[PDB]
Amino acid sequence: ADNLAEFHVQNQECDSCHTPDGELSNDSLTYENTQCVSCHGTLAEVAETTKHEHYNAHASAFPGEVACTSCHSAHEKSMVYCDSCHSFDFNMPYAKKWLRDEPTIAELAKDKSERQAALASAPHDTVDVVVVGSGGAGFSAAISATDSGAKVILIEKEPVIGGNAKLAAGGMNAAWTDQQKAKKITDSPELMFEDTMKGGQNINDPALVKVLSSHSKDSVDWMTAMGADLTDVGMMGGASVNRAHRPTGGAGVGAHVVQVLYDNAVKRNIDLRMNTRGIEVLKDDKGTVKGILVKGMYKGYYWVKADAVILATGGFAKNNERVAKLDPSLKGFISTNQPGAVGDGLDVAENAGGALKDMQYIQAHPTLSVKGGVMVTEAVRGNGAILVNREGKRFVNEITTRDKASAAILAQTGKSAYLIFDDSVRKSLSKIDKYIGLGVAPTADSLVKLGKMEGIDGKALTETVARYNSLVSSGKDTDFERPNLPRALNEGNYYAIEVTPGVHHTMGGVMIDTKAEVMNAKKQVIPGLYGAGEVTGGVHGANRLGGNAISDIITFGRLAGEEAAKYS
């Protein structure tokens, strides 16, 4: 058989998968996936028949209900969604090699005749608010506009929810929380503001940082009121005190928060459509939003009539060509992002008249696993790990800013470095057991053997750790002046992870005011158009602090949702 449908029609009718009139139920393929599930079992039942020791196509930490048609198309060969970041050994029937080629919003100009036909038809739905993107900002806004009495449609162009927010590990920054107080942490919104400005080089828009800092406690209480666990409070670089909140025992912040938001959306019956891309914000004759034209991967173009459009489409860090244009130094770097984080929501914003700002500031995360090509949380260094070069020495304050840490790493022999830590750090941060499970953290009971394994000078490494621990115990890092030295590296076994920088976050984007209203180049509000999260510029300045993006998405998403509901 050349495809999965042809295979199944050797013993089945067309309607063992399709509805009675045979039309596609919707762009989520609800009815159709349900048929796959009714013969093959749910996603968990199917994982039992495809186990591998260290991985499984049908089991992943992705939140939400992952549709079988996310990877299995019926009438054509398709691609495994895990291959946009890993290379596991899979043998999916009717597979084809992972290759994302999504047209730009500009190349979508060519569909002049379908667009026109769709815009001359009646709107397909008429609601109060349309939310574009199912990352943190997008679900938060959908929920808060709904809890504000507005009817919402939430759309996601990918087949799965969560964007890059489902990958967050380190934590969500917040200050002066009840979680921090119970952890005997002393902080204030003023220290977080101050760490943020300093952190972004005083380029950040101060009114936005003030919203960021002043609403962060509330953003954490909101999430916690909806069911999240954000009681573990750790440190990341450029913070004065520990203020990165995440689940108990240091598990990832991302997948958990996106799972809480999805559950909350679901309880409210929020209309969520997958495989549905926002293409053009529609405006009336007085330049205010009247709706949006969308492109359903399965049922074509159609428009949603609405008073308000919230753009929560995240960044363009996956887009190395745009990234290279703005920063030539990042050309050819690997990236930590999901495959559709390419900037198309920015094009929608501009075409709508929104102006952009800070676009030249692109953050490279300092520690991507060379072996796995995936981000290794900075909470690994925050909970105590050190960085050593191939000569087995420390070479940088490990909890310095991302810019500095990336530069020191690229300057080392081989252009990479090694995270080094023990079982006390491991046990303090459960996330580390994910990297051990990926095969990216070799271990040994002595630094002498660990260094032999990885090409690190063994005796040098042993004396480096011994010096570090003595620096921990005396309380001052007089070598590199790391300001927080939480743990001696002396328990149980040792572990090394080889790390190198990757494109990670774009601090510039659509220009928003304090109510998340998109403005033009004159700084005039575009009525009905809002912007929230990494698609916006001005929050993070020239350099974002680890932990500040999940705080930003919850805060600015919530608020845009509320403001869009009021506006109407």
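One-based numbering along the sequence shown.
Original post:
Looking at the entry, does 119-127 or 181-189 show the higher mean C-alpha B-factor?
Top reply: Of 181-189 and 119-127, the stretch with the higher C-alpha B-factor average is 181-189.
Original post:
Per the PDB record, is the mean Cα temperature factor higher over 158-166 or over 492-500?
Top reply: Comparing 492-500 with 158-166, the higher average CA B-factor belongs to 492-500.
Original post:
Highest Cα B-factor in the PDB entry belongs to which of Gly340, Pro442, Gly278, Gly314?
Top reply: Most elevated C-alpha B-factor of the set, per the entry: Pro442.
Original post:
Taking the values straight from the PDB record, which of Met172, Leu346, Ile270, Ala207 has the highest C-alpha temperature factor?
Top reply: Each of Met172, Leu346, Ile270, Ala207 was compared by C-alpha B-factor; the highest is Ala207.
Original post:
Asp552: which third of its chain by C-alpha temperature factor?
Top reply: According to the entry, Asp552 has a C-alpha B-factor in the chain's lowest third.
**OP:** Please place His505 in the lowest, middle or highest third of its chain by C-alpha B factor as given in the entry.
**Re:** It falls in the bottom third of the chain.
Original post:
If you rank every modelled residue in this chain by C-alpha B factor, which third holds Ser38: lowest, middle or highest?
Top reply: Answer is highest: the recorded C-alpha B-factor places it there.
**OP:** Looking at the entry's B-factor column for C-alpha atoms only, identify whether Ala142 ranks in the lowest, middle or highest third of its chain.
**Re:** For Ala142, the deposited C-alpha B-factor lands in the lowest third.
**OP:** Determine, from the deposited record, the chain-internal third of the Cα B-factor for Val46: lowest, middle or highest.
**Re:** Its C-alpha B-factor, which the entry lists for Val46, ranks in the highest third among residues of this chain.
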